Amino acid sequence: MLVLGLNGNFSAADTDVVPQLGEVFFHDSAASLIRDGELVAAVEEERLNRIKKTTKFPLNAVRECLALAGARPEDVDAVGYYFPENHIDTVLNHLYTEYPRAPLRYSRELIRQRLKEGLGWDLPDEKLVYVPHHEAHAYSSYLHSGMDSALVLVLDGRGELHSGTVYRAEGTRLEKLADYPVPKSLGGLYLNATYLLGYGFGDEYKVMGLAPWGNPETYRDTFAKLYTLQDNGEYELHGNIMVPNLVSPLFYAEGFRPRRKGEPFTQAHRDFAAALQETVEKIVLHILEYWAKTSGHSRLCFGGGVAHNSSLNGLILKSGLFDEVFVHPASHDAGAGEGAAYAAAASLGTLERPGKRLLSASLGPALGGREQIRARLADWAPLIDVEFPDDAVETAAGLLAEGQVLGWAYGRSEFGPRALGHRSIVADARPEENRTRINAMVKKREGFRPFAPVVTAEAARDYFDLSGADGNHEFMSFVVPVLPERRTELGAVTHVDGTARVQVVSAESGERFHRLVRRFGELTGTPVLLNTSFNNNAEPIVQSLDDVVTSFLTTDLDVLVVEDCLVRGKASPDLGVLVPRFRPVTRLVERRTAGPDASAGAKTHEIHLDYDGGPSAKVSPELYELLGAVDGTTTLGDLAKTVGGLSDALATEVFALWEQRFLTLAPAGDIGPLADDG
């Protein structure tokens, strides 16, 4: 019994189903494989096509999952899609009425055309099962908790008909207790408010990160006008007929005006974020007080995108309403795609469930066999120096105690938004200066947000208040208070309110990463490390080896530890050996605008990525001529000869383009088909 789980839209690599398809129309594409009850493989498509939260069809993800399970496509017994057919097809129909040139292809035809053309897989109609969206979430959240029964709460932006659902789960039976209609969406409320802060979809975690810097009483009475707590765990959100945003009209009427790009955060912005977060907490705790009493249950599984609010999840932990609480590492739509697999298996015969509780998100493709990895690092030789220590973990620990900031890349990639010891950036958690050091120089982001600690299972309670209920801390789902005595020790990983989004690593969740943090603590007396995702501002978490090396060379990390190899950037690296390739979404443009006196105006040359919200950059006329000659095999140095050679100016310009990921730059060939190891 081998079941594929799908979520996301149906766009190909190089175009969208309709032009410039909105980034919110079925985002976080991913594929998932279950074999007789167990999650064998799962990767988000963003990791492979390199587009954060991509809406594109997850064809690569499916190919990666089949190969990790050793299956032909024809081996698959059923496919499950995370939304009911009529719902996705009605949304597609609406996109088609606004773009009258798009052919009328709905999801069943589009799903099958992608699999037939991209994999040779001739999918029979009887194997495609569409699933209720919150049902998908709930299966994913509950079947991996290792619980025998629980109250299941699902809260996201919206499914087909609801923005919230409550389930009782027992064995493998889901039974629905309640729902909340779409207009009441807390996902929607959060995202609306995020727009007022100059941010957009996928920046909610930044808003949550900013809220401790703010005072929730400044705008408490303002938000009070937008919601009402009612009896029996009901609430209303108060809409308006002005604009499709719950929050902006009222706040505009009181003089709040939204933040501009590159504007610093004011005290009003900080307070807004605090009051926003206190509202969502206040409402979600109101739902849960009622359903914990009405159902009498002591265990909670919380799912949906709202369940990536670490701050909310810690408040639930310390509320005293439950004894255990579980949150899946991928509680957003990528997990609904996994849960769609289980629901398809229950729809089609019997449903087999996971053995025990999920401890490791390490479910993606791996970096490769050590023969490949050594061979590939040799292709990168003109840019890197590479050692092979006897104990990489042992070496890496000392480096961290010395003060180095490390890239840590091992095994299969983490499913979901958190890096957990497989695609991480690692450094000592004690120096409070490491925040501005890493959160600016090396990775290039915003410094108001503290970093996440990783602690050992053994010393965990000697640093953090993991009390209240028993939550799962293997995936950083809960923000917990840092013990006030240890707060000054942990300067890099403690917020202004004293809390921290803690990963607790054990020998069962991650042996190599546990040895690393333990060793470091034996050498320092502090078995806590800082743990952030291995990616710069312009990419999702890195996936392939080439991904990892690219990201290391284009950031300011000291050392890279990748599958026991130590990697440092050479004296002066030879960019000219890198072979430039276009990404499927790369576009290279010469533009004329209108000019004064109705003339042909300013000639500019630009590179950009063709997808909604994609970046763009001006280029010089020489880069334009060089880039246009890119054939996907010739190296940068050889292409540079048609414009006079790779000068330092050109190579600096190309390097800045590489940083922003407008095109692939990597040595000739590739690592080859990923190894089989056991």
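Heads up, when I say rigid core I mean the largest set of C-alphas that superpose within 1.5 Å between the two forms. Start at 1 with the first residue shown and count on from there.
K.L.:
When the core is superposed, where do the C-alphas shift more in 6 other deposited structures of this protein: in 510-518 or in 433-441?
P.N.:
It is 433-441 whose C-alphas lie farther from the shown form in 6 other deposited structures of this protein.
K.L.:
After fitting on the rigid core, pick out whichever of 445-453 or 552-560 shows the bigger RMS C-alpha deviation in 6 other deposited structures of this protein.
P.N.:
Checking 445-453 against 552-560 in 6 other deposited structures of this protein, I find the farther stretch is 445-453.
K.L.:
Mean C-alpha B factor from the entry: is it higher for 582-590 or for 466-474?
P.N.:
The recorded data point to 466-474.
K.L.:
Identify the stretch, either 352-360 or 134-142, whose C-alpha atoms have the larger mean B-factor according to the entry.
P.N.:
That would be 352-360.
K.L.:
In the PDB entry, which of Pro183, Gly200, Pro100, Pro481 has its C-alpha at the highest B-factor?
P.N.:
Out of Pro183, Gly200, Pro100, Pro481, the record gives the largest C-alpha B-factor to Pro481.
K.L.:
Sorting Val79, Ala71, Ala193, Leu400 by Cα temperature factor from the record, which one lands on top?
P.N.:
The record points to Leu400.
K.L.:
Split the chain's modelled residues into thirds by Cα B-factor; is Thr664 in the lowest, middle or highest one?
P.N.:
Lowest third - that is where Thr664 ends up once the chain's C-alpha B-factors are sorted.
K.L.:
Ordered by C-alpha B-factor within the chain, which third holds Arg418? Give me lowest, middle or highest, please.
P.N.:
For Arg418, the deposited C-alpha B-factor lands in the middle third.
K.L.:
What third of the chain does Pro84 rank in for C-alpha temperature factor, lowest, middle or highest?
P.N.:
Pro84: CA B-factor falls in the lowest third of its chain.
K.L.:
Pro596's Cα B-factor: lowest, middle or highest third of the chain?
P.N.:
For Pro596, the deposited C-alpha B-factor lands in the highest third.
K.L.:
Quick check for you: using the entry's CA B-factors within this chain, is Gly411 in the lowest, middle or highest third?
P.N.:
It belongs to the middle third of the chain when residues are ordered by C-alpha B-factor.
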